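Chain order of the listed sequences is A and B. If you count by the authors' numbering, then the first sequence holds residues 1 to 142, one letter each, in order. If you count by the authors' numbering, then the second sequence holds residues 4 to 143, one letter each, in order. We treat Cβ as the ideally placed atom computed from N, Cα and C, and that holds for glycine.
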Amino acid sequence: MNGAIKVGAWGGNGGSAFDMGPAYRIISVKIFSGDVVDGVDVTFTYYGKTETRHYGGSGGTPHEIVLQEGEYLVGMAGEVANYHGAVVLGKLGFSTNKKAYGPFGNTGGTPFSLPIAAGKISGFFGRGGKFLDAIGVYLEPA
Amino acid sequence: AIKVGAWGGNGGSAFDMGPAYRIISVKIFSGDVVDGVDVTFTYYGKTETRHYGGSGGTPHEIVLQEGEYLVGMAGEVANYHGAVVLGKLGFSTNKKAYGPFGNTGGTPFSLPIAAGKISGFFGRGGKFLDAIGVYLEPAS
Ligand SMILES: [Br-]
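Spelled out as structure tokens, the structure:
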């Protein structure tokens with residue numbers, strides 16, 4: 001609605017649905033991972049207030065992407081894995097117009113990939129519980 | 004303004020449909036792999052058919068009914084006789100999922116569209132369908 005374009009989610013159907021909606025500015029993403037992707041922090045701005053939302057569980061090591069001036073998110077990729085009986089993100093990475101980051105996570109399964117030939121990622125939705133069950137993205141022009 | 008993909012190889016020649024006003028139908032030509040696609044659509048007052056890739060294999064036509072639109076695309080990227088191509092391709096509408104068309108496995112990709120629709124195509128083609136990507140638009 002209101003003109004949104006949402007692609008995904010990739011992953012399983014467990015955990016609880018989340019939807020950040022679209023941001024004015026994503027500032028940074030932290031991807032928490034070990035054997036699989038445990039969760040994500042998204043830090044974003046709105047009217048000069050910086051806020052952080054966490055989705056998924058409390059495990060894993062953090063892997064950060066701090067967006068530089070003129071840097072924006074142009075790809076996402078990973079693997080959907082079966083882990084301990086749950087269908088979750090086993091690996092997750094992102095590309096910007098400047099650099100690739102990751103993927104983070106150590107469990108393979110069914111790959112997915114989202115090259116954005118025109119446009120950028122503008123927000124996130126998905127499912128989280130003990131791990132990051134699923135992830136999807138909002139898109140807008142670049 | 005919103006283009007995702009293409010998934011597939013670097014061979015063949017580039018194509019680019021741009022976005023349509025309305026997609027009427029898509030035909031997927033396949034045998035062992037995806038040979039190519041026809042897209043029939045409305046565009047700036049005209050009704051047009053374009054063909055991308057080769058024309059071998061068998062055509063499989065999906066005609067979109069009133070209130071029906073394309074909300075997913077998926078497939079596998081395969082090596083076929085030395086060409087990195089779509090080995091399998093399928094589409095979902097808001098009513099039903101179709102496919103796969105083609106028989107050759109390789110690396111899967113999937114594009115579920117939770118909000119919006121596919122409005123057109125771009126990619127690369129030769130004898131077969133080397134690569135395919137989509138233009139995306141919001142729902143109306
Ligand atoms: Br349409």
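Asked: Cβ of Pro-115 (chain B) less than 9 angstroms from any chain A Cβ?; Found: yes
Asked: Could you list which residues in chain B have their beta carbon closer than 7 angstroms to that of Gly-3 (chain A), in chain order?; Found: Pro-141
Asked: Measuring alpha carbon to alpha carbon, tell me which residue in A:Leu-89, A:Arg-25, A:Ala-117 is nearest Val-66 (chain A).; Found: A:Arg-25
Asked: Ends of the beta strand (DSSP E) at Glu-71 (chain B)?; Found: Segment: none, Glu-71 (chain B) is in no beta strand (DSSP E) and carries neither H nor E.
Asked: Using a C-beta cutoff of 9 angstroms, does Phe-44 (chain B) count as contacting chain A?; Found: no
Asked: Between B:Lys-91, B:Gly-48, B:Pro-103, which lies nearest to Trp-10 (chain B) when the distance is taken from Cα to Cα?; Found: B:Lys-91
Asked: Using a Cβ-Cβ cutoff of 9 angstroms, what residues of the stretch 84–117 of chain B are near chain A? List them in chain order.; Found: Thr-110, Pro-111, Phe-112, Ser-113, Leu-114, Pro-115, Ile-116, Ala-117
Asked: Consider the C-beta atom of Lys-30 (chain B) and the heavy atoms of ligand 1; say whether any pair is separated by less than 8 angstroms.; Found: no
Asked: Do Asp-35 (chain A) and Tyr-83 (chain A) have their CB atoms nearer than 9 angstroms?; Found: yes
Asked: Just list the beta strand (DSSP E) runs in the stretch 3–37 of chain A, keeping only unbroken ones of 3 residues or longer that don't cross its boundaries, in chain order.; Found: 6–11, 16–22, 25–33
Asked: Would you kindly work out how many angstroms separate the C-alpha atoms of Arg-53 (chain A) and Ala-17 (chain A), rounded to a whole number?; Found: 14 angstroms
Asked: Please confirm whether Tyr-55 (chain B) and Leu-114 (chain B) have their CB atoms less than 9 angstroms apart.; Found: no
Asked: What does the alpha-carbon distance come out to for the pair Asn-13 (chain A) and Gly-85 (chain A)?; Found: 12 angstroms
Asked: Taking 9 angstroms as the CB-CB cut-off, is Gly-136 (chain B) touching chain A?; Found: yes
Asked: Determine the chain B residues that contact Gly-21 (chain A) at a beta-carbon separation under 8 angstroms, and present them in chain order.; Found: Correct list: empty, because the minimum Cβ distance to chain B is about 11 angstroms.
Asked: Once the 5 residues before and after residue 146 (chain B) are set aside, which same chain residues still bring their CB inside 6 angstroms of it?; Found: Nothing in the structure corresponds to residue 146 (chain B), since chain B is present only between 4 and 143.
Asked: Grouping DSSP H, G and I as helix and E and B as strand, with all else coil, what is residue 155 (chain A)?; Found: For chain A, the structure presents residues 1 to 142; residue 155 (chain A) sits outside this window and is missing.
Asked: Looking at the structure shown, is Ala-142 (chain A) part of a helix, part of a strand, or coil, going by DSSP?; Found: coil
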